[PDB]
Structure formats: structure tokens, C-alpha cells
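Peer 1: Handing you this structure, nothing more for now.
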Amino acid sequence: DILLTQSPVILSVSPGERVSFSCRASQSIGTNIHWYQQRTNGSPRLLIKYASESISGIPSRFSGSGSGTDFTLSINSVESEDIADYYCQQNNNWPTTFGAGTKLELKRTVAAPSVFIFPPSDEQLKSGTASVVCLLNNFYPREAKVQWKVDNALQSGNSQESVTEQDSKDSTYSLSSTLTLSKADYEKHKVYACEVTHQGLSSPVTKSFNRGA
Amino acid sequence: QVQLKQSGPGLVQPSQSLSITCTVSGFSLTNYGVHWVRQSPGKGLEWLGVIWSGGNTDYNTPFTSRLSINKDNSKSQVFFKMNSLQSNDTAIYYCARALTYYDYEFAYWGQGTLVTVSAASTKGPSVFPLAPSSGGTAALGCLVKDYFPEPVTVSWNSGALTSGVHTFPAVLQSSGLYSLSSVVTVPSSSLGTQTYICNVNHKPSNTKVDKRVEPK
Amino acid sequence: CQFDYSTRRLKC
Ligand SMILES: *[C@@H]1O[C@H](CO)[C@@H](O)[C@H](O)[C@H]1NC(C)=O
């Protein structure tokens, strides 16, 4: 099988810059390469066929070139909606094979998160479990720390984080941190607090509530 | 309007078989071949096979023995079946159509079918409100907890509310069950006027839940 | 990087 090597592994650029994806084939394949874009939760989207030929409905800023073993996909001016993974495909040689992909990330100005804290609903407490949720909304860059404290006791190992992919409009991230306790432990304490550290904040920001109100 | 719609996601036991239906529209199966591609953590995008216009099939070498593709032209359906699934066969499976009847330039894709190979049981989720308690902007959401397998879809107000919606990736809990939250920011002055409902669908368990989220 | 079937994105 033909081995397609895509470089680099991750591409980080700023809006408006030109950007080039590379696809190198293990042997000459002429111009029999196709490019695909995959957005978050999407199916692959055909961008370029046969190294350079255009595809109906694809913005003109996408273009391709190359022949033999070295191929290039270009975006002459990347937009925030181009945030995606990009794959090449060869079909000069059965069976058709795909490269491993290049992830395109977009830089932008630092944006501090907006922090919200959610107590567990009375409905969940009937099931004997308490989920406390801390939301960090629309921030950049991705790195962030969430520190949980229950009655000033530092929580460790009993929380989980989930981070969205870069937003297609403003290029920010959002983060959820879920602290999971048992109902018995939750009813034994009053002050629940998440402290958020981020580059866009001059000081750590703490959102807290008292069980009850 | 060429479209490919696949059957829903589901759980398959180890060593059991997988079945997926691809219903096409905007073209006839007698004029175009339908390809099958999967996308896994182990091997990324992987071409599996194809059933051509006349009914012939080609299978990629490592699937010659456990792959089978059929179709019904009149009903515009293509049937994908793979035997002896193992854990690393967990992937998203697509049907695809090329630009021409003979080529491999995949211009049209199905929406994908997440197939999970696991011995576990299917379990529908519980949905709990993230009730709003800064700067006129209130945040609220839904906690979709304790389901298996992936995926679950969340919309807001039956698709009418999309602005400011974040649906976080599912995370695996120690129980072997998934959990996620879906949030949205709204004007706080609309909490007493507008209703906010998250529409949760866990197709693997046929669980459909609408959760109204209110200030507590 | 590795494909993540939850988000259909490469996770590195
Ligand atoms: C699954 O495991 C088998 C056994 O080694 C291997 O041959 C195959 O390539 C694997 N498939 C993946 C990782 O998608």
C-alpha cells in the first residue's frame, strides 16, 4: 500500500495568513491525490480532486498543486471557519489510502474566561449523587487550571474536565469541570468553590455557592 | 440533491457482526457505485469496499473474509455487513459516493455511524438541569449523565436556539458510563419570558428527553 | 495525533 505522510502534524497560524499542508507519497503517484476537510462532528468534505482541480461549492481560497511524491494544499488567507483537520488521499494505486491528517489551529488575542458555577439539582440528589459544574466560557488560549475546594478542603481526583474544539466564529475554547461527590458528602458541607487560573486573568477568579443559598 | 443517510449508531458485542444501511437519494444506485469508509483511532481513514452499479463488489484486502456488501436498487438501499468485530473495530463508518460512476473522488458522504464494540450493556442517560443563578448574561445547561455507548445529540429549543451553545465532548467515568454537559448563554432578562429546553437523543437506547431548565 | 470518534477530530 502507498504510504502518505502529511506534514506538519499540527499547523498553528493567525487569521489572514497563507497556510500550506504537505502530503508526501511513498512513491510517485502522478497527480492522483484528493484533499478533504473534516470539521468537528462532521463527515469528510472534498476540497480538491486530482492535485489541483476545483470542487463545486468550495471557497476559492482553497487550492492545490504538486505532482509525483510531493503535494500541497493551500489556503491563501485562512478564516476562523477553516479550523479543521485536513486529509489527503491517493488513488493511483489500489487500494486507495489516506494520510494521517494535519490539524489546523488558529491563534487569536488572549480572551479571559467567563466563569459560572452550578450546584447539583435537587433531581440528581434523589439518585444519591451530586455533580457540581464549573463552566469556563469563551477563552483563549486553551491552557487553564480549575481548583475545587469544599469547605476550604482541596479536592483532588474527584473531578473531570472537557474542552470544546476551537469555535468556528471567534476561535475561543470553552471548558467544563465537573466535581462529583456522593449525596452524603455533599450534605455534610456548605462552601463549594472553583478557582480559575488563566493567562487572561490578572488574578485567579473564584465562583462559589453555599449549599442552600 | 444527492444525499446519503445511514442507519443509527449502536453497540455490537465482541465477535458479533455489524449491519449498516445506507439509503441514497438524488441519484440511482444503478448509475453509481457506493463506497464504504471507516475512521478509527488505530488506523484513521480506511477504505473498506464498494458495490458498483452492476452489483459487483470489491473489498480491501484485510476485509476479504469478513466483509459483505449488498443493495436493493428499487428501494435505493445499500447494506453493509462485517463479521467478527473486535474492540479496535470501534470506529465511525461512512457510505460515500464518488463524483463519477467509476472513480474514488468521494464528493458525497453519509453522516456516519459510530459503532462501539463492547461487551457492556446499552443504557439511556439521565438529564439534570444546570439552572441559571454576569453583566446581563446568564448561563444555563443540561447534564446528560450515565449513558452508553456514545453518541448523544443535544439541541436547544428544537434547533431554534443555536447561538452561544456549547456541547462538551463526552467523558468516560469510572463506572464505564459516559457523561457530558451542554450549556448556552442567554440574556438574563429573557429567563422570565422565554422557555429553554435541551433536546437530548441517545439513539442507541431510543431515549428521547426534553428537559426544561429554569432558575431555581 | 490520533482520531477521536467522539468529536471526529484529531486529538494530540
Ligand atoms: C486491529 O487489530 C488487528 C490485530 O493486530 C490488526 O491487524 C488491525 O490492523 C487492527 N485494526 C485497527 C487498529 O484499526
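Every chain in the C-alpha cells takes a letter, A first, then B, and so on in the order presented; its residues are numbered from 1, and the ligands are numbered from 1 following the presented order.
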Please check which protein, DNA or RNA residues sit within 8 Å of ligand 1, counting only C-alpha atoms and all ligand atoms, and write them as a list in words.
Peer 2: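 Checking only C-alpha atoms and all ligand atoms against ligand 1 at 8 Å gives residues 40, 41, 42, 43, 44, 86, 87, 88, 89 and 90 of chain B.
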Peer 1: For the contact check between chain C and chain B, emit one row per residue of chain C within 7 Å, containing the shortest atom pair and the distance in Å rounded to one decimal, counting only C-alpha atoms, chain then rising number order, as a tab-separated table.
Peer 2:
residue	atom	partner	partner_atom	distance
C:2	CA	B:41	CA	5.6
C:3	CA	B:41	CA	4.7
C:4	CA	B:41	CA	6.1
C:5	CA	B:91	CA	6.5
C:6	CA	B:169	CA	6.7
C:7	CA	B:169	CA	6.6
Peer 1: Print the selection's residues with C-alpha atoms to a file, as a compact mmCIF listing (two decimals), in the first residue's frame.
Peer 2:
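Dumped everything to again_38.txt:
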# COMPACT_ATOMS: atom_id res chain seq x y z
CA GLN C 2 -4.99 10.15 16.93
CA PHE C 3 -8.56 10.28 15.65
CA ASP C 4 -11.17 10.75 18.40
CA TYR C 5 -14.52 9.27 17.35
CA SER C 6 -16.42 11.36 19.92
CA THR C 7 -15.59 14.67 18.20
Peer 1: Using DSSP assignments from the backbone, pull out every residue in region 69-168 of chain B that falls under strand (DSSP E) and give it to me as a compact mmCIF listing (two decimals) with N, CA, C and O atoms, in the first residue's frame.
Peer 2:
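The file below, selection05.txt, is the result:
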# COMPACT_ATOMS: atom_id res chain seq x y z
N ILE B 69 -21.21 -6.71 1.13
CA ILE B 69 -21.97 -5.54 0.72
C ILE B 69 -23.04 -5.99 -0.27
O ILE B 69 -22.74 -6.73 -1.22
N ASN B 70 -24.28 -5.55 -0.05
CA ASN B 70 -25.40 -5.84 -0.93
C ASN B 70 -26.22 -4.57 -1.09
O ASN B 70 -25.99 -3.56 -0.43
N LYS B 71 -27.21 -4.63 -1.98
CA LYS B 71 -28.05 -3.47 -2.23
C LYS B 71 -29.38 -3.90 -2.83
O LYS B 71 -29.54 -5.03 -3.31
N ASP B 72 -30.35 -2.98 -2.78
CA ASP B 72 -31.66 -3.13 -3.40
C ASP B 72 -31.88 -1.86 -4.22
O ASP B 72 -32.20 -0.81 -3.65
N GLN B 77 -31.23 1.29 -1.35
CA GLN B 77 -30.56 0.96 -0.09
C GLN B 77 -29.33 0.12 -0.36
O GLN B 77 -29.34 -0.77 -1.21
N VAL B 78 -28.26 0.40 0.39
CA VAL B 78 -27.02 -0.36 0.34
C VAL B 78 -26.77 -0.94 1.72
O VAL B 78 -26.83 -0.22 2.73
N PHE B 79 -26.50 -2.25 1.78
CA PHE B 79 -26.40 -2.97 3.04
C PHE B 79 -24.95 -3.38 3.29
O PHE B 79 -24.36 -4.12 2.50
N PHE B 80 -24.40 -2.90 4.40
CA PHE B 80 -23.03 -3.17 4.81
C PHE B 80 -23.05 -4.15 5.98
O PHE B 80 -23.77 -3.93 6.96
N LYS B 81 -22.28 -5.23 5.88
CA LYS B 81 -22.20 -6.20 6.96
C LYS B 81 -20.76 -6.66 7.13
O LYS B 81 -20.11 -7.06 6.16
N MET B 82 -20.28 -6.61 8.37
CA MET B 82 -18.93 -7.04 8.71
C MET B 82 -18.99 -8.00 9.89
O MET B 82 -19.67 -7.73 10.88
N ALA B 91 -15.26 2.40 15.46
CA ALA B 91 -14.95 3.46 14.52
C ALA B 91 -16.25 4.07 14.03
O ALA B 91 -17.34 3.55 14.29
N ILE B 92 -16.12 5.17 13.30
CA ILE B 92 -17.23 5.75 12.56
C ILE B 92 -17.21 5.19 11.15
O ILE B 92 -16.17 5.22 10.47
N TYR B 93 -18.34 4.66 10.71
CA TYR B 93 -18.46 4.04 9.39
C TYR B 93 -19.29 4.94 8.49
O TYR B 93 -20.37 5.39 8.88
N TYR B 94 -18.77 5.21 7.30
CA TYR B 94 -19.45 6.05 6.32
C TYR B 94 -19.75 5.25 5.06
O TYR B 94 -18.99 4.36 4.68
N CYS B 95 -20.86 5.59 4.41
CA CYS B 95 -21.03 5.30 3.00
C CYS B 95 -20.71 6.57 2.21
O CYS B 95 -20.88 7.68 2.71
N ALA B 96 -20.23 6.39 0.99
CA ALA B 96 -19.81 7.53 0.18
C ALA B 96 -20.08 7.25 -1.29
O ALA B 96 -20.16 6.09 -1.72
N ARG B 97 -20.23 8.33 -2.05
CA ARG B 97 -20.40 8.27 -3.49
C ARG B 97 -19.36 9.17 -4.14
O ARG B 97 -19.11 10.28 -3.68
N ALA B 98 -18.75 8.67 -5.22
CA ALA B 98 -17.75 9.42 -5.96
C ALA B 98 -18.42 10.42 -6.89
O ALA B 98 -19.65 10.46 -7.04
N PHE B 106 -14.45 11.05 -3.41
CA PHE B 106 -15.65 10.99 -2.57
C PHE B 106 -16.25 12.36 -2.29
O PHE B 106 -15.91 13.01 -1.30
N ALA B 107 -17.18 12.79 -3.14
CA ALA B 107 -17.79 14.11 -3.03
C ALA B 107 -19.01 14.15 -2.12
O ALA B 107 -19.36 15.23 -1.62
N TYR B 108 -19.66 13.01 -1.89
CA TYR B 108 -20.86 12.95 -1.06
C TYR B 108 -20.67 11.86 -0.02
O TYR B 108 -20.23 10.75 -0.35
N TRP B 109 -20.99 12.17 1.23
CA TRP B 109 -20.79 11.27 2.35
C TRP B 109 -22.07 11.12 3.16
O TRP B 109 -22.87 12.06 3.26
N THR B 113 -21.85 6.53 11.15
CA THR B 113 -22.46 5.66 12.14
C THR B 113 -21.38 5.23 13.12
O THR B 113 -20.51 4.41 12.78
N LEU B 114 -21.42 5.76 14.34
CA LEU B 114 -20.47 5.37 15.37
C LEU B 114 -20.82 3.98 15.87
O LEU B 114 -21.87 3.77 16.48
N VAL B 115 -19.94 3.02 15.61
CA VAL B 115 -20.12 1.64 16.04
C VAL B 115 -19.18 1.38 17.20
O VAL B 115 -17.97 1.57 17.08
N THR B 116 -19.74 0.94 18.33
CA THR B 116 -18.98 0.63 19.53
C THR B 116 -19.00 -0.88 19.73
O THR B 116 -20.07 -1.48 19.85
N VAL B 117 -17.82 -1.49 19.76
CA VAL B 117 -17.67 -2.92 20.02
C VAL B 117 -17.30 -3.07 21.48
O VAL B 117 -16.18 -2.76 21.89
N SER B 126 -29.59 9.94 32.13
CA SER B 126 -30.39 10.85 32.93
C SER B 126 -30.00 12.28 32.58
O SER B 126 -28.83 12.56 32.28
N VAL B 127 -30.98 13.17 32.59
CA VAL B 127 -30.77 14.57 32.21
C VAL B 127 -31.13 15.44 33.41
O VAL B 127 -32.26 15.38 33.91
N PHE B 128 -30.17 16.25 33.87
CA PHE B 128 -30.36 17.12 35.01
C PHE B 128 -30.13 18.58 34.62
O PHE B 128 -29.20 18.88 33.86
N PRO B 129 -30.94 19.50 35.14
CA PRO B 129 -30.78 20.90 34.75
C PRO B 129 -29.55 21.53 35.37
O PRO B 129 -29.17 21.21 36.51
N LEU B 130 -28.91 22.41 34.61
CA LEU B 130 -27.89 23.32 35.12
C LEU B 130 -28.57 24.68 35.20
O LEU B 130 -28.54 25.48 34.25
N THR B 137 -25.79 38.63 31.21
CA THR B 137 -25.72 37.35 30.51
C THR B 137 -25.80 36.22 31.52
O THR B 137 -24.94 36.10 32.40
N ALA B 138 -26.82 35.38 31.39
CA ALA B 138 -26.99 34.20 32.23
C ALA B 138 -26.55 32.95 31.48
O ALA B 138 -26.69 32.84 30.26
N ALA B 139 -26.00 31.99 32.23
CA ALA B 139 -25.60 30.71 31.68
C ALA B 139 -26.45 29.60 32.28
O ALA B 139 -26.76 29.62 33.47
N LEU B 140 -26.83 28.65 31.43
CA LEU B 140 -27.67 27.53 31.84
C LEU B 140 -27.35 26.35 30.94
O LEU B 140 -26.77 26.51 29.86
N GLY B 141 -27.73 25.16 31.39
CA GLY B 141 -27.41 24.00 30.60
C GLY B 141 -28.09 22.74 31.10
O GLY B 141 -29.00 22.79 31.93
N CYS B 142 -27.62 21.61 30.56
CA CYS B 142 -28.15 20.29 30.88
C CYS B 142 -27.01 19.33 31.13
O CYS B 142 -26.02 19.31 30.39
N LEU B 143 -27.14 18.52 32.18
CA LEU B 143 -26.17 17.48 32.50
C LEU B 143 -26.73 16.15 32.00
O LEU B 143 -27.74 15.67 32.52
N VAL B 144 -26.08 15.57 31.00
CA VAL B 144 -26.51 14.31 30.39
C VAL B 144 -25.57 13.23 30.90
O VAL B 144 -24.43 13.10 30.44
N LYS B 145 -26.06 12.42 31.85
CA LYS B 145 -25.21 11.59 32.68
C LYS B 145 -25.55 10.11 32.54
O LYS B 145 -26.71 9.72 32.37
N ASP B 146 -24.50 9.29 32.60
CA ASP B 146 -24.61 7.84 32.81
C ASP B 146 -25.30 7.15 31.63
O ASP B 146 -26.36 6.54 31.77
N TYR B 147 -24.66 7.23 30.46
CA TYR B 147 -25.17 6.57 29.27
C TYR B 147 -24.05 5.80 28.58
O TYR B 147 -22.86 6.06 28.80
N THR B 153 -26.92 13.26 21.08
CA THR B 153 -27.10 14.55 20.45
C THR B 153 -27.90 15.45 21.38
O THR B 153 -28.83 15.00 22.06
N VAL B 154 -27.51 16.72 21.43
CA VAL B 154 -28.19 17.73 22.22
C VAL B 154 -28.43 18.95 21.33
O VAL B 154 -27.50 19.48 20.73
N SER B 155 -29.69 19.38 21.25
CA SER B 155 -30.04 20.66 20.67
C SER B 155 -30.80 21.47 21.71
O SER B 155 -31.10 20.98 22.81
N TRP B 156 -31.09 22.72 21.38
CA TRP B 156 -31.81 23.61 22.28
C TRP B 156 -33.02 24.20 21.58
O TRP B 156 -32.92 24.68 20.44
N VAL B 165 -24.37 28.19 22.12
CA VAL B 165 -24.48 26.82 22.60
C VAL B 165 -23.11 26.15 22.55
O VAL B 165 -22.41 26.20 21.52
N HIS B 166 -22.71 25.52 23.65
CA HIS B 166 -21.53 24.68 23.70
C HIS B 166 -21.94 23.31 24.23
O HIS B 166 -22.48 23.20 25.34
N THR B 167 -21.70 22.27 23.44
CA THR B 167 -21.92 20.89 23.86
C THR B 167 -20.54 20.26 24.03
O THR B 167 -19.82 20.06 23.04
Peer 1: Fewer than 5 positions away in the same chain doesn't count, so skip those; otherwise give me all residues within 10 Å of residue 143 (chain A), counting only C-alpha atoms, as number ranges by chain.
Peer 2: A: 173, 197-199
Peer 1: Provide as a list in words the residues of chain A at most 7 Å from chain B, counting only C-alpha atoms.
Peer 2: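 So the contacting residues turn out to be residues 34, 43, 45, 46, 49, 95, 96, 97, 98, 100, 118, 121, 123, 124, 162, 163 and 164 of chain A.
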Peer 1: With only C-alpha atoms as the counted atoms, please give the residues lying no more than 10 Å from residue 9 (chain C), apart from itself and same-chain residues fewer than 3 positions off, as a list in words.
Peer 2: residues 38, 39, 40, 41, 42, 84, 85, 86, 101, 103 and 165 of chain A; 1, 2, 3, 4, 5, 6 and 12 of chain C
Peer 1: Near residue 70 (chain A), within 12 Å and counting only C-alpha atoms, which residues show up once chain neighbours fewer than 4 positions away are dropped, as a PyMOL selection string?
Peer 2: chain A and resi 4-7+21-33+51+64-66+88+90
Peer 1: Hey, can you check how far CA of residue 26 (chain B) sits from CA of residue 67 (chain B)?
Peer 2: 26.8 Å
Peer 1: Using only C-alpha atoms, which of the listed residues (A:168, A:177, A:206, A:37) sits closest to residue 79 (chain A)?
Peer 2: A:168
Peer 1: One decimal, in Å: what's the spacing between CA of residue 74 (chain A) and CA of residue 62 (chain A)?
Peer 2: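 Distance between the two atoms: 5.8 Å.
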Peer 1: I want to know what sits within 10 Å of residue 77 (chain A), based on only C-alpha atoms, with residues of the same chain fewer than 2 positions away left out; could you give that as a ChimeraX atom specification?
Peer 2: /A:14-19,61-62,74-75,79,82
Peer 1: Give the helix (DSSP H, G or I) residues of region 155-197 of chain A, as DSSP finds them on the backbone, and put them as a PyMOL selection string.
Peer 2: chain A and resi 183-187
Peer 1: For residue 69 (chain A), which residue among A:139, A:2, A:182, A:134 is the nearest when counting only C-alpha atoms?
Peer 2: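 Looking only at the distances to residue 69 (chain A), the closest residue turns out to be A:2.
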